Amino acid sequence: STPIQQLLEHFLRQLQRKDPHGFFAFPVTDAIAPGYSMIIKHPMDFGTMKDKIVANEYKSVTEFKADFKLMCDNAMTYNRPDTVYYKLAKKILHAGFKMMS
């Protein structure tokens, strides 16, 4: 693991702690959420981010932050504000960006 992979693995562990039930652990498919692909063109989840750290695909912390922000933005676009999905995405987006700053 390079120094960048080490820092990103730390940030991912800290972010995943805020999601104990794994709401963000897997890719959201149309079978799971009807019409998802018609609303969300670039899906993102913690599992895909973990594979990118392991494959050394993040050249900077900025790229990792963009995937994290995309995952949360997708949840806040597809889900209504009264839902658990939206509230958790908004809470983790703020906490996550505060922590990595």
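From 1 onward, residues are counted along the sequence shown. Here, rigid core means the biggest group of C-alpha atoms that superpose within 1.5 Å across both forms.
Novice: Between 29-37 and 53-61, which has its CA atoms farther from the current form in 9 other deposited structures of this protein, using a rigid core superposition?
Specialist: Evaluated in 9 other deposited structures of this protein, the stretch farther from the shown form is 29-37.
Novice: Comparing 90-98 with 2-10, which has C-alphas lying farther from the shown form in 9 other deposited structures of this protein once the core is aligned?
Specialist: Evaluated in 9 other deposited structures of this protein, the stretch farther from the shown form is 2-10.
Novice: So which stretch wins on mean C-alpha B-factor, 18-26 or 5-13?
Specialist: The stretch with the larger mean CA B-factor is 5-13.
Novice: If you average the CA temperature factors as listed in the entry, which stretch comes out higher, 58-66 or 37-45?
Specialist: Looking at the record's C-alpha B-factors, the answer is 58-66.
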